[PDB]
Amino acid sequence: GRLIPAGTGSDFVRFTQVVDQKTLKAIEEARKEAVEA
Amino acid sequence: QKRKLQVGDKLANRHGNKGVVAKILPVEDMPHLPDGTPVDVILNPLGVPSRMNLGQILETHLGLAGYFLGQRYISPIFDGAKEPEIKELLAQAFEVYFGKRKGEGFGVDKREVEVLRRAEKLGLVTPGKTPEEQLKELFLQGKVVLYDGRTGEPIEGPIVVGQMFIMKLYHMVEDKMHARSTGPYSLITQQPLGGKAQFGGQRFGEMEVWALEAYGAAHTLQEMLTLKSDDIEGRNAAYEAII
Amino acid sequence: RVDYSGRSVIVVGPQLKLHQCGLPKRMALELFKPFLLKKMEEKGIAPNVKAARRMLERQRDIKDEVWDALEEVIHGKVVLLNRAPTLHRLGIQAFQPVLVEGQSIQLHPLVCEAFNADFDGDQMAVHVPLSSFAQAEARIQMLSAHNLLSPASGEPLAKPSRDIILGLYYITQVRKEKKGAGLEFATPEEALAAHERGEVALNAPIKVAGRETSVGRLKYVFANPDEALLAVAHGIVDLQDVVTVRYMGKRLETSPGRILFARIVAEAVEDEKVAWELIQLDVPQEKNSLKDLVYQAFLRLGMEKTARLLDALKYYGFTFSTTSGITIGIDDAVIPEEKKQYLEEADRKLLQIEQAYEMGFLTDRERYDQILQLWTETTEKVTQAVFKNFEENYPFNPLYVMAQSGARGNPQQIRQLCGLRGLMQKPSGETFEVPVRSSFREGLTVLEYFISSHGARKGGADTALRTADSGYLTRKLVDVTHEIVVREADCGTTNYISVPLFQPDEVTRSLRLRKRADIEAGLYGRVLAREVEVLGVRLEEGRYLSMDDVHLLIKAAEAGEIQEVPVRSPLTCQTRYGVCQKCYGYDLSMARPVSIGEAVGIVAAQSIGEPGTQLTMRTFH
Amino acid sequence: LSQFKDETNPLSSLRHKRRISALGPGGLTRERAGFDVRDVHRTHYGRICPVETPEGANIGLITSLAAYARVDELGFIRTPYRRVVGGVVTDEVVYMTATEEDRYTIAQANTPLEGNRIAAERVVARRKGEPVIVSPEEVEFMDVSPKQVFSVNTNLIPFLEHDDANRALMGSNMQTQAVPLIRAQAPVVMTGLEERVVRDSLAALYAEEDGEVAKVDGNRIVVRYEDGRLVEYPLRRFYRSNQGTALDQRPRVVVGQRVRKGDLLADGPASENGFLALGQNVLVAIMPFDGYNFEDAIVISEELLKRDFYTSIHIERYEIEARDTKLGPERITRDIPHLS
Amino acid sequence: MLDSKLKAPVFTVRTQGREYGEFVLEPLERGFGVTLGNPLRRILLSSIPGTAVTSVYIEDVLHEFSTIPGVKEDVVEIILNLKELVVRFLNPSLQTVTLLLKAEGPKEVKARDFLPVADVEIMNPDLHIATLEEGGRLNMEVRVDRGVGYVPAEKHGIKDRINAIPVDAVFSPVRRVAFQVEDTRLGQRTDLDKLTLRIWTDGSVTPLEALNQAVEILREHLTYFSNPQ
Amino acid sequence: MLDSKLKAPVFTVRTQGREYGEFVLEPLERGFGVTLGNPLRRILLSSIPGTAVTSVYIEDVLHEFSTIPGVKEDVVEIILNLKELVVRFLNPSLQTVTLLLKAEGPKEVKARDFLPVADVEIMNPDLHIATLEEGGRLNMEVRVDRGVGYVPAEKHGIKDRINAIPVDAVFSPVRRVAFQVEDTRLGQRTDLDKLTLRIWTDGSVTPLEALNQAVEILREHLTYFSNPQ
Amino acid sequence: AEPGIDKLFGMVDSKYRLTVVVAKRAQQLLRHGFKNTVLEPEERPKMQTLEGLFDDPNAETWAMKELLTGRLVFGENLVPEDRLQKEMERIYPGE
Ligand SMILES: CO[C@H]1/C=C/O[C@@]2(C)Oc3c(C)c(O)c4c(c3C2=O)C2=NC3(CCN(CC(C)C)CC3)NC2=C(NC(=O)/C(C)=C\C=C\[C@H](C)[C@H](O)[C@@H](C)[C@@H](O)[C@@H](C)[C@H](OC(C)=O)[C@@H]1C)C4=O
Ligand SMILES: [Mg+2]
Ligand SMILES: [Mg+2]
Ligand SMILES: [Mg+2]
Ligand SMILES: [Mg+2]
Ligand SMILES: [Mg+2]
Ligand SMILES: [Mg+2]
Ligand SMILES: [Mg+2]
Ligand SMILES: [Mg+2]
Ligand SMILES: [Mg+2]
Ligand SMILES: [Mg+2]
Ligand SMILES: [Mg+2]
Ligand SMILES: [Mg+2]
Ligand SMILES: [Mg+2]
Ligand SMILES: [Mg+2]
Ligand SMILES: [Mg+2]
Ligand SMILES: [Mg+2]
Ligand SMILES: [Mg+2]
Ligand SMILES: [Mg+2]
Ligand SMILES: [Mg+2]
Ligand SMILES: [Mg+2]
Ligand SMILES: [Mg+2]
Ligand SMILES: [Mg+2]
Ligand SMILES: [Mg+2]
Ligand SMILES: [Mg+2]
Ligand SMILES: [Mg+2]
Ligand SMILES: [Mg+2]
Ligand SMILES: [Mg+2]
Ligand SMILES: [Mg+2]
Ligand SMILES: [Mg+2]
Ligand SMILES: [Mg+2]
Ligand SMILES: [Mg+2]
Ligand SMILES: [Mg+2]
Ligand SMILES: [Mg+2]
Ligand SMILES: [Mg+2]
Ligand SMILES: [Mg+2]
Ligand SMILES: [Mg+2]
Ligand SMILES: [Mg+2]
Ligand SMILES: [Mg+2]
Ligand SMILES: [Mg+2]
Ligand SMILES: [Mg+2]
Ligand SMILES: [Mg+2]
Ligand SMILES: [Mg+2]
Ligand SMILES: [Mg+2]
Ligand SMILES: [Mg+2]
Ligand SMILES: [Mg+2]
Ligand SMILES: [Mg+2]
Ligand SMILES: [Mg+2]
Ligand SMILES: [Mg+2]
Ligand SMILES: [Mg+2]
Ligand SMILES: [Mg+2]
Ligand SMILES: [Mg+2]
Ligand SMILES: [Mg+2]
Ligand SMILES: [Mg+2]
Ligand SMILES: [Mg+2]
Ligand SMILES: [Mg+2]
Ligand SMILES: [Mg+2]
Ligand SMILES: [Mg+2]
Ligand SMILES: [Mg+2]
Ligand SMILES: [Mg+2]
Ligand SMILES: [Mg+2]
Ligand SMILES: [Mg+2]
Ligand SMILES: [Mg+2]
Ligand SMILES: [Mg+2]
Ligand SMILES: [Mg+2]
Ligand SMILES: [Mg+2]
Ligand SMILES: [Mg+2]
Ligand SMILES: [Mg+2]
Ligand SMILES: [Mg+2]
Ligand SMILES: [Mg+2]
Ligand SMILES: [Mg+2]
Ligand SMILES: [Mg+2]
Ligand SMILES: [Mg+2]
Ligand SMILES: [Mg+2]
Ligand SMILES: [Mg+2]
Ligand SMILES: [Mg+2]
Ligand SMILES: [Mg+2]
Ligand SMILES: [Mg+2]
Ligand SMILES: [Mg+2]
Ligand SMILES: [Mg+2]
Ligand SMILES: [Mg+2]
Ligand SMILES: [Mg+2]
Ligand SMILES: [Mg+2]
Ligand SMILES: [Mg+2]
Ligand SMILES: [Mg+2]
Ligand SMILES: [Mg+2]
Ligand SMILES: [Mg+2]
Ligand SMILES: [Mg+2]
Ligand SMILES: [Mg+2]
Ligand SMILES: [Mg+2]
Ligand SMILES: [Mg+2]
Ligand SMILES: [Mg+2]
Ligand SMILES: [Mg+2]
Ligand SMILES: [Mg+2]
Ligand SMILES: [Mg+2]
Ligand SMILES: [Mg+2]
Ligand SMILES: [Mg+2]
Ligand SMILES: [Mg+2]
Ligand SMILES: [Mg+2]
Ligand SMILES: [Mg+2]
Ligand SMILES: [Mg+2]
Ligand SMILES: [Mg+2]
Ligand SMILES: [Mg+2]
Ligand SMILES: [Mg+2]
Ligand SMILES: [Mg+2]
Ligand SMILES: [Mg+2]
Ligand SMILES: [Mg+2]
Ligand SMILES: [Mg+2]
Ligand SMILES: [Mg+2]
Ligand SMILES: [Mg+2]
Ligand SMILES: [Mg+2]
Ligand SMILES: [Mg+2]
Ligand SMILES: [Mg+2]
Ligand SMILES: [Mg+2]
Ligand SMILES: [Mg+2]
Ligand SMILES: [Mg+2]
Ligand SMILES: [Mg+2]
Ligand SMILES: [Mg+2]
Ligand SMILES: [Mg+2]
Ligand SMILES: [Mg+2]
Ligand SMILES: [Mg+2]
Ligand SMILES: [Mg+2]
Ligand SMILES: [Mg+2]
Ligand SMILES: [Mg+2]
Ligand SMILES: [Mg+2]
Ligand SMILES: [Mg+2]
Ligand SMILES: [Mg+2]
Ligand SMILES: [Mg+2]
Ligand SMILES: [Mg+2]
Ligand SMILES: [Mg+2]
Ligand SMILES: [Mg+2]
Ligand SMILES: [Mg+2]
Ligand SMILES: [Mg+2]
Ligand SMILES: [Zn+2]
């Protein structure tokens, strides 16, 4: 009753994320904040 | 309860043409004959060549005769009516059809003549004969001119019509479409089960599994194996989640 | 058993587009109950769930506001429809529901071919994609209007079935009527005039065998495209009539209907010129010409744009069919005048075989096998006789065009109505000595019937067997083949197979070009292992050969430049569990390369399990 | 072997009484063996229909006998074959066992007959399962009837002659599923047994002996025979058929009417005038419409519904029990505990 | 007027009773008899209003599937015969008229047996309702309305008396339409259309009336092309 | 107004240029979109009378199948191009107008080259008649008339000059008509007709104008049912 | 069929990838609030009982309608797994 090995359950695509350029600059700002003092 | 005919119902003549009602048309626009009388049912031709029962096409012809001649007949099994005898009664019918038409006061349409043009070019009527004589020929063949009804124009090329007997078939309990959302469940196997008032789920067979397997329907198949039928804790959180 | 399922009788949905399907609101309600409930609460119809529930527990209690809610819930969601035997993946397809009244389920005509589902009561089930994921896949990679080409062959499955062809055909056919006096206009100017007046008279038709132009071409010339049809509308020219017309830059001698079909496509897809490049208006549109059109359109213009053409064809085909007035008549099944000849001729010849036996010349057996040979030939003789009849005298006989057009009719079938069904076998298998002299047009006698009955049962007894046997096969195939899945990077092992374009033995030894089909089967959408320079073009390595390419290689083998073809294949793959892009090829249901993650194993196992139902079944070993 | 009556309509319920099967006692032909039995053996002539049988894994094992087929002394269907001594044909008939049929040269009924004289020198006959063109002098026996070759259910087909035996089956089984319509009509073209079906089946009510009619109720026709007696003939008003189809006997005779012996007093569930009547003759055009009639779809004129043409009465039988639970008897009262 | 306008559609009419009415009109240009006859037909069948039995109440009968003693016909056969009944009221003031009838004993019940109502007339007097034997008690109230088209007894569900039973609505007064376009020769040119349409009517309205209503519905519709947007 | 009358055909229009013009109108009862669209169509094509080249006379040419020196195009190709010519006269006084044109030598003959006529205008100036080389002499008289529908050159047989050749009559500003009747859902009942007809026009008149003329011809014809006889 | 399904198919390396993208985009479109879109102003998603599709009919019909534009970005490993859900909650209101 596990997901099928063949199809959208492909190890090649099971993992794929999506982004908005707005959320792209948001995450890099999180990296900018990493600069201490 | 009264069961008036409807789009879900299936009718079929004694020959074997079986089939379902797909559309109930308003008398307003279905095929109508020269004299205002319109057709009740329109049977597809294509269903006749492949199958091999011209017997129906023979019935409709003798029928056309019985309609205008106001008479019923008895054609035995293999000894019955013969192609010439029918053409003979059709001949008698042409007079009741078109004879009254002569006396009632009118002749032939632009339409009636037009379809004749296309009919001679076809090869159904001996070129050079008068429309009156031509229509007799064309009628004897078992077809008559028909106008659209929706446009009032004619249907290029004679079409046969006639009195065919058709029965209506009994609706089995399965007919009653079974649509189930959520319902009982078997005690030992935890798969959906119906009975009295809850419809009972449909079976997802291997042949059907593969169908999904072939597609990239990963989740859609998991669902069919989990959320929809056996995942006890799944279907529960499933419903509520949907809710 | 699935939790969100349903099942009811199906019914043809002519206006419906491939995209959608008619679903009974009554069913949709139960199906999408929970989706509705919540939607009730978002609107004023109900305070809460439990409320929304009791609000629907009885039929008389539904406010017309609920339908509007459900119709809103179903906006862009889609469902799955299944058929009785799910033989291949197209056995389940997704469509957008268009809620409708009553009990029946409205199905599109075009996909009635994928599901072997006719309308004599066949019922189809229906399931619901609940996750946004399942819905995503369902409508992306499972939707009907997307999966147009078969996984078995790169041939379309969205082919205009029976009624559409019949329509589209009748519109594009040309007619020929009476040849009496001279047919020579190619040369004299007194020929134009004389046979123009002669035609006005009663001797020359508008469609006469007169090489260059039958007077039907002489009389009418149409400037712009439209001009043509207007004359048709006014009753000047029938659609099947031979006329001349001015198109983009050519004076083209083509019929009205043909010119109209041209537009239908030209309109479906507005690249008018691209519409002309992929169409053959030089012939009546058979299912094959159409099939072809579809394919071409798919490769050329793009998937959805094809879909449009599909429905466009479906629509006019349907319409034009109604007006054509093609019908089945008893006098339409025409028996040849030659039937009596062929019969009697073969009749007397039987008498000779008998006299030859009465004397002691031919053995008990010789007689038997000699008689059957007599009829086997005679019967085939009447067959080509009836067709020749229709072919020469009645081009537009009902029973004929249907069979010619990819529509409906089997040569062998026609023979049983017009000519005669001749030889039926005894119970065991030894064919009967006497034939069935009759056709279906005339009384199949009392006994020639009982005789034919035997062979009927065997066909039926067999059908009952492949129903569960065709499965016998597919089971096996899927048990072995399931694990096979496309998961890759171009497998680096280049071990390849060479496809033969030539076969050594039909007649002992003579080298001949393989059938245009078998070859297609071999190299269509394959990946060249090594480079091949053939007629002038350089097929590069690894390139996927399109049907157009596999049409080149054959034209080349015709010329004599290649006898084999280097190509990647599953038989030589390196990926243990799995097959790769370059080794599988093209054919996803789509015509581009295969997409990683396709479950080939089954796709394969299936294409093989279904046709198997058509293969004979006497004894396994 | 004992089954629910097939009362979808008298016809159907009748055949169901004359259907023969394979499977059963287990001791005889069970599930395994098949194709030799399932096939229509030569001898099945006038003894078993070759069209009749079902469609599926269970094929040919279950089939109803033929028209003139009769079980003689021990279950051996003997089909009737009339005698023809020399070139002379008789009106005498011999119900022949399967076996004896082979010892003779038998001819078909289609043979041009002047009465007792055969009319064509080379006329068809079939010795033993083999089609043979025999002479008038060899014709020992002749086929009794074109009807005996098949079953009742099949005999009802108009021009069976021009229809593929394969699809003729469909037609035969289709009638078995015919539902009685409040408005019944006989075919515009019939074969000749419609009358005999309704009469031999027990649809319509026939007059015993000659007389006159006394009262014509909607529930009873008390006729008065000339013998000085009068009997009340109740009419199953509205009864429930096993499969839910109406069975009503509608009186066709008016008050005070001299009846011939054996004439319809009332019509059966599906009879118009003593004639079998299912479905209803309808004028029909045979052309293509948009797609409304595409593979096997039928377009219908609303006008057919205006008139109560295709309309049928149904009746389901819902049933509930008051059970005794250890928790307390289940009472049946107007009391519905929670809301309205 | 004298030339092209005097040469105008000669509207001729031939009508016997309120059922049949022939209507000829010629000359007409090219292919117009069809242009006109067809739409009018489409209207004459769908668009025009009439009368039909909308509900029935036998006094001792509760459901539609019952049988009354002393009464040969069954409730369903009778309610059926009523659909056959054609009535005609004279003015809008009559929307729903309840016709009453009660007959007993050895008499045949025809439609003439209904007690007369002031503004309503029954064109179907001799129609056969039932055959009563002896001790035959039939007392009923049959509703009648003015509507359009076909309305299933299920769609309306009329409620005069709780034990009453609705009936199907056969409202088109027009039974059948029929038009012929035969050539007519007027001097100069032969191609001429002569349109003659034959209309049949249940009696409620007349062929002429019907036709007039018809053409207006068309006219009214042709006006709906006024305000662009 | 509010209920049945406010629920009225919403006449919506979409027109770009004088050639194309879509026209939507809904709701409509049962099967009316058809009842309306069809007649309008039949009118829009035949009735909106128009103009078309009815006859031609090249001065040295005798038959239609000839070729003129210095003239690339053949008589048949040119008489064909003339059918393409769209003219427009302003009043009834102009029934048959003969347009004249004569051009010589290395010039291209376009429709603007025809000598202007007082009450007549040529909307098709740049249309291409012929390509004259050198010593190219083309002097012709092309007739023009006001008629309706399609009239084969054989049917009329015009006779201005004995060596002249008749042409087929393309009498209509309307190029093509097209109507669709798709379902529309209005609250209660779903069965609804939505009629939308697309009209194309050569430019002489506009889709809207045409449509208006059309409906009137119908209206005018519906009045012809006035005086019985 | 569906809008530029071809165009879509072309924007991915694998057919089955496009399905995962659209699906996951539709997920986020709803969860973090449905205004998490990149193309709402002038010509956008629309339904007709009113023009009300602008709020919440079909999730992915949006996802697709955006992916067809070149504003979104789908990668194998574009933005670290858990930090994404954090920044998305921080910036998109509607709950
Ligand atoms: C002795 O009562 C039962 C024995 C079963 O056991 C089996 C193992 O022995 C059988 C024997 C000895 C038979 O002669 C038949 C069948 C079976 C069995 O299956 C059939 N079986 C089927 C084949 C396919 N299945 C579907 C299954 C796969 C899920 C449905 C039935 N049809 C069957 C028949 N039909 C026909 O001839 C046809 C072509 C039409 C007639 C139809 C009417 C409508 C029926 O006659 C109805 C009035 C009723 O009689 C039956 C429904 C009955 O049920 C009851 C409760 O009475 C069974 C016959 C049979 O003549
Ligand atoms: Mg996932
Ligand atoms: Mg993101
Ligand atoms: Mg900071
Ligand atoms: Mg610092
Ligand atoms: Mg700092
Ligand atoms: Mg019902
Ligand atoms: Mg009449
Ligand atoms: Mg009559
Ligand atoms: Mg008989
Ligand atoms: Mg005669
Ligand atoms: Mg007379
Ligand atoms: Mg008359
Ligand atoms: Mg007269
Ligand atoms: Mg033709
Ligand atoms: Mg003649
Ligand atoms: Mg339900
Ligand atoms: Mg339920
Ligand atoms: Mg529950
Ligand atoms: Mg869960
Ligand atoms: Mg459509
Ligand atoms: Mg539809
Ligand atoms: Mg409550
Ligand atoms: Mg409701
Ligand atoms: Mg709303
Ligand atoms: Mg069925
Ligand atoms: Mg099924
Ligand atoms: Mg999800
Ligand atoms: Mg594949
Ligand atoms: Mg096919
Ligand atoms: Mg021809
Ligand atoms: Mg000759
Ligand atoms: Mg000729
Ligand atoms: Mg050219
Ligand atoms: Mg474009
Ligand atoms: Mg070519
Ligand atoms: Mg093919
Ligand atoms: Mg492509
Ligand atoms: Mg012959
Ligand atoms: Mg002869
Ligand atoms: Mg001979
Ligand atoms: Mg030979
Ligand atoms: Mg052969
Ligand atoms: Mg031959
Ligand atoms: Mg010939
Ligand atoms: Mg041909
Ligand atoms: Mg023919
Ligand atoms: Mg076949
Ligand atoms: Mg055997
Ligand atoms: Mg043997
Ligand atoms: Mg015969
Ligand atoms: Mg086997
Ligand atoms: Mg199987
Ligand atoms: Mg097996
Ligand atoms: Mg690489
Ligand atoms: Mg390497
Ligand atoms: Mg080989
Ligand atoms: Mg060979
Ligand atoms: Mg071959
Ligand atoms: Mg190398
Ligand atoms: Mg090399
Ligand atoms: Mg080359
Ligand atoms: Mg080279
Ligand atoms: Mg190179
Ligand atoms: Mg490479
Ligand atoms: Mg190529
Ligand atoms: Mg070649
Ligand atoms: Mg060659
Ligand atoms: Mg494969
Ligand atoms: Mg198959
Ligand atoms: Mg074989
Ligand atoms: Mg065994
Ligand atoms: Mg054996
Ligand atoms: Mg035999
Ligand atoms: Mg059976
Ligand atoms: Mg012996
Ligand atoms: Mg002789
Ligand atoms: Mg024998
Ligand atoms: Mg059979
Ligand atoms: Mg009795
Ligand atoms: Mg008396
Ligand atoms: Mg008597
Ligand atoms: Mg009729
Ligand atoms: Mg209990
Ligand atoms: Mg309360
Ligand atoms: Mg008068
Ligand atoms: Mg009179
Ligand atoms: Mg009269
Ligand atoms: Mg016309
Ligand atoms: Mg009392
Ligand atoms: Mg009662
Ligand atoms: Mg009635
Ligand atoms: Mg009134
Ligand atoms: Mg008024
Ligand atoms: Mg009393
Ligand atoms: Mg009484
Ligand atoms: Mg009425
Ligand atoms: Mg009528
Ligand atoms: Mg009538
Ligand atoms: Mg005059
Ligand atoms: Mg004259
Ligand atoms: Mg009115
Ligand atoms: Mg007004
Ligand atoms: Mg305004
Ligand atoms: Mg505007
Ligand atoms: Mg606007
Ligand atoms: Mg209203
Ligand atoms: Mg503009
Ligand atoms: Mg302008
Ligand atoms: Mg434009
Ligand atoms: Mg345009
Ligand atoms: Mg309609
Ligand atoms: Mg028209
Ligand atoms: Mg003008
Ligand atoms: Mg000369
Ligand atoms: Mg000069
Ligand atoms: Mg110059
Ligand atoms: Mg200008
Ligand atoms: Mg030039
Ligand atoms: Mg002049
Ligand atoms: Mg047009
Ligand atoms: Mg349309
Ligand atoms: Mg339509
Ligand atoms: Mg106006
Ligand atoms: Mg005015
Ligand atoms: Mg008057
Ligand atoms: Mg690209
Ligand atoms: Mg890649
Ligand atoms: Mg948008
Ligand atoms: Mg609303
Ligand atoms: Mg708004
Ligand atoms: Mg708003
Ligand atoms: Mg926060
Ligand atoms: Zn590989």
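The rules behind the values
- Residues numbered from 1 in each chain as written, not as in the entry; some residues may be left out.
- Chains lettered and ligands numbered in written order.
- Part of a larger assembly, values for the part shown.
- Heavy atoms only, no water.
- Near = heavy atom within 4 Å.
- Polar contact = N/O pair within 3.5 Å; in protein donor to acceptor, adjacent residues only side chain to side chain.
- Areas by Shrake-Rupley, 256 points an atom, 1.4 Å probe, with all protein chains shown as cover.
- Nonpolar A, V, L, I, M, F, W, Y, C, P; charged D, E, K, R; others polar.
- Contact = heavy atoms within 4.5 Å.
- Buried area = accessible area lost by both parts, 1.4 Å probe.
- Salt bridge = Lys/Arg side-chain N within 4 Å of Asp/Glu carboxyl O.
- Helix = DSSP H or I, 4+ residues; strand = E, 2+ residues; numbered from the N terminus.
- Pairing = 2+ DSSP bridges.
- 1 Å grid on protein atoms, 1.4 Å probe; cavity = no way out; pocket = protein on both sides within 12 Å on 5 of 7 lines; lining within 4 Å.
- Points joined across faces, edges and corners; volume = space filled by probe spheres on them.
- Domains from an automatic or database assignment.

Undergrad: I'd love a proper account of the site of ligand 1, names of residues and values included.
TA: All names here are of chain D. Close to ligand 1 lie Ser 2, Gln 3, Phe 4, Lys 5, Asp 6, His 16, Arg 19, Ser 21, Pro 54 and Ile 62, which account for all nearby residues. One of the side-chain N or O atoms of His 16 is found 2.9 Å from an oxygen atom in ligand 1. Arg 19 is positioned such that a nitrogen or oxygen atom in its side chain is 3.0 Å from an oxygen atom of ligand 1. Relative to its free-state accessible area of 1,100 Å², ligand 1 is covered by the protein chains to the extent of 41%. Its residues placed into classes, the shell around ligand 1 shows 3 nonpolar, 4 polar and 3 charged.

Undergrad: Can you break down the interface of chain B and chain F residue by residue, with the values?
TA: The interface is formed by 6 residues belonging to chain B together with 5 residues belonging to chain F. Taking both sides of the interface into account, the surface hidden between chain B and chain F amounts to around 500 Å²; carbon and sulfur atoms contribute 32%. Among the residues chain B hides against chain F, the three largest losses belong to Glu 28, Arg 150 and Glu 153 of chain B. Together they make up 55% of the total. At the junction of chain B with chain F, the criterion picks out 1 salt bridge. The shortest N-O distance in the salt bridge between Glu 153 of chain B and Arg 42 of chain F comes to 3.3 Å. Where chain B packs against chain F, one counts 2 residue pairs in polar contact. The residue inventory of the side of chain B that touches chain F, partitioned by class, reads 2 nonpolar, 1 polar and 3 charged.

Undergrad: Account for the interface of chain D and chain B, naming residues and giving values.
TA: Listed as interface residues are 68 residues of chain D and, on the opposing side, 66 residues of chain B. Across the chain D to chain B interface the summed buried area is about 7,000 Å²; carbon plus sulfur atoms make up 64%. It is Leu 283, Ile 286 and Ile 298 of chain D that lose the most area in chain D upon contact with chain B, and together they represent 12% of the buried surface on that side. Counting every contact that joins chain D to chain B gives 3 salt bridges. Taking the shortest distance from any N to any O, the salt bridge between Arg 72 of chain B and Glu 272 of chain D comes out at 3.0 Å. Where chain D touches chain B, the interface holds 41 residue pairs in polar contact. Secondary structure elements with two or more residues in the side of chain D that touches chain B: α4 (165–175), β10 (189–190), β19 (282–285), β20 (297–301), α6 (303–306) and β21 (311–313) of chain D. Broken down by element, the side of chain D that touches chain B gets its largest block of residues, 7 residues, from α4 of chain D. Along the lines of polarity and charge, the residues of the side of chain D that touches chain B split into 36 nonpolar, 20 polar and 12 charged. When strand β5 (residues 73–74) of chain B meets β10 of chain D, the two strands line up parallel, connected through 2 bridges. Looking at the pairing, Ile 74 of chain B lines up with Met 190 of chain D of β10 of chain D.

Undergrad: Any details on empty space enclosed by the protein? Residues and values, ideally.
TA: Any empty space left between atoms is shown by rolling a water-sized probe over those atoms. As a volume, the largest cavity reaches approximately 240 Å³. Looking at the lining of the largest cavity, the elements with two or more residues in it are α6 (162–172) and α16 (398–404) of chain C. Here the element with the most residues in the lining of the largest cavity is α16 of chain C; it accounts for 3 residues. Classifying every residue of the lining of the largest cavity gives 10 nonpolar, 5 polar and 3 charged. By volume, the second largest cavity amounts to about 190 Å³. For the second largest cavity, the lining is made up of 18 residues, of which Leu 447 of chain C together with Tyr 45, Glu 101, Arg 126 and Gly 129 of chain D are closest to its centre.

Undergrad: I'd love a proper account of the domain arrangement of chain E, names of residues and values included.
TA: Residue and element names in this part refer to chain E. Partitioning chain E into structural domains gives domain 1 (1–49 + 172–225) and domain 2 (50–171). For domain 1 and domain 2, the distance between their C-alpha centroids amounts to 35 Å. Taken together, the contact pairs 11 residues of domain 1 with 12 residues of domain 2. Across the domain 1 to domain 2 interface the summed buried area is about 790 Å²; carbon plus sulfur atoms make up 47%. Applying the counting rule to domain 1 against domain 2 returns 1 salt bridge. Its salt-bridge partner being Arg 88, residue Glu 209 comes within 3.9 Å of it at the nearest N-O pair. Our count for the domain 1 to domain 2 interface comes out at 1 residue pair in polar contact. By residue class, the composition of the side of domain 1 that touches domain 2 is 3 nonpolar, 5 polar and 3 charged.

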